[PDB]
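Below, in C-alpha cells: the form deposited in one PDB entry, a single chain.
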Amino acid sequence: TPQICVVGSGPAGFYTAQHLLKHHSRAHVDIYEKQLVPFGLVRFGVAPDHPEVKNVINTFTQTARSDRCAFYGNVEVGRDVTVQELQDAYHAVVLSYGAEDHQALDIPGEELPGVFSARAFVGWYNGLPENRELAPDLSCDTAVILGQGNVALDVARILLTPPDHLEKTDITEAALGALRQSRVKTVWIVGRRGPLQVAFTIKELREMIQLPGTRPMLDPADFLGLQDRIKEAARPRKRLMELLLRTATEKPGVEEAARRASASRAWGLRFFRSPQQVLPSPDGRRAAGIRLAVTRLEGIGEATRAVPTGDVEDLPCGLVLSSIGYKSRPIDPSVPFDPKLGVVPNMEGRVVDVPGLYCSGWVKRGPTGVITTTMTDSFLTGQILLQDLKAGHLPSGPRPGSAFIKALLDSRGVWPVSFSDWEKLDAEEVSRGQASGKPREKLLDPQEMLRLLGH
C-alpha cells in the first residue's frame, strides 16, 4: 500500500488528496494541518458574507471520509515533525501549506497603532486564533486600504455593511460587536497604478456598488480614455472596466440618486498613489493619516510601472489596512526556497532536486490563484506524483506512514486531531450558533477545543 501525505489542509491539500484517492485505488493519504480544524483559507480567509464560496467544504468533507484518508490536526510541520521525517515515513510528500506571511509595507510609521495587514484583519473576523486579540480601534471615521484586489474589497465591505446584515453570518460574535460600535463611515481603496490595473473581479466590484447604506465615490478624471483602451479587450476585462466607467461617469436615476443621497457611509477608489509614510496623531499614540506619493504610468500594456511625479498627498484616516501581497515562508531547513517569489522551487510540482517531494497550491505557484485555479492546478500535481509513482521513481516496497509518525508525536506530547474530532468540534460550533441565528459560532480557544475532545 503506497503511503502519501500532504502538508496543509486548505484547498491545495484537499484537492490534491482528492485526485490521489480517485486515481489510485489503494494509496493512503494523510493530511497534516497546524490549526486544529481543517480547510485553511476557505474558513479563515473567505469572508463571512460569502458563505456560498465556502461550499467547497462539502467536497473536502467527502474526501476526508474516504476510508483511505486521515486528517492530523494540531500538527505544525517544521516544528512538531520535520519534513524529512515525513519524507522517510511515506513514499511521497506534498507541500501545500499556503503562503502565511504578508509582505510588510516597509514605510516609516507602519508600526503605529491602527496599521494592520488586511489578511490579519480578516483573520480577526474569521476566527483565526492568532488574531483573536487584534482589537482594532474602529473609533476613527475613515479607513484607508492599500492595494486594489478582492481582499481589499472584502475588508471594505465588512467595515461598511450595516451590522444587522452581518448578524446571521458566521462572523465572530466578538468582531460583530466591534463593528456595532464602529464609527467608520468612509473607506478609501488606494492603488498605485490605474483603473486598468485594478485586480478585483466583477462579482465583488458590483457587490461593492450595491452594498446597502453606502455610496461609491469614483473620480471621472481617472477614467478618461477608458472606453477607448478597452475597445479590443477580452470580455472579462472589458465588462469590469465598463462597470467602473459607468459608475464613474453616468448620472444614476431618481431612485439611485436618492439612495446615494441618504447613505450614511461611503467608499471610493483612489489611483496613482503609493504609500510613503503613516502619519502620526499629535500625541504619537496612533495613526491619523497616510502620506501618499503621486505616481504617473509609463510603458505599455501589462508592463506599465508607476513612477513618482514628485508630488505627495496627505490623506487623513485612523486605520491603515495593507493588502498588497502574501508570501510563503520556509518551513523546514531541508526544503528549498526562492525568497524572491516566495515559493518552493518546483517543476510542475516536483520540488527542485528532492525526489518524492511535491508541491501544490499557493506554495507551488505564488499567491495569485483563486480556489478554482488552486483546484485544477492541484490535480496537475497529483497527476505527476502518481505518474512518477507508476514509473517507479519513488522508493519501493514498504513504508510505515502514520504508524511511524504517530510514534514521534506521542513521544513529543503532541495531541493530533482526527477528522472525527473535527466533526465533534463542528457540532459544538453549530450548537452554539443556533441560539443567535448563525450557521456556527466559531471556537477561538485551542485549549478549550482540546478539552472538549477529552484531553
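In this text, residue numbers run from 1 along the sequence as written. Take the two forms, superpose them, and find the largest set of C-alpha atoms that agree within 1.5 Å; that set is the rigid core. Only residues modelled in both forms are compared.
Below: the form deposited in another entry, not depicted.
Superposing the two forms on their core leaves just one of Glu302, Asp283, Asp314, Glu111 with a Cα displacement of at least 2 Å between the shown form and the other one, namely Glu302. The pair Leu105 and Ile300 is tighter in the other entry: their Cα-Cα distance falls by no less than 3 Å compared with this form. Here is what shifts between the shown form and the other one when you lay the two on the core: just one run of at least 3 residues, every Cα off by 2 Å or more, at 296 to 309.
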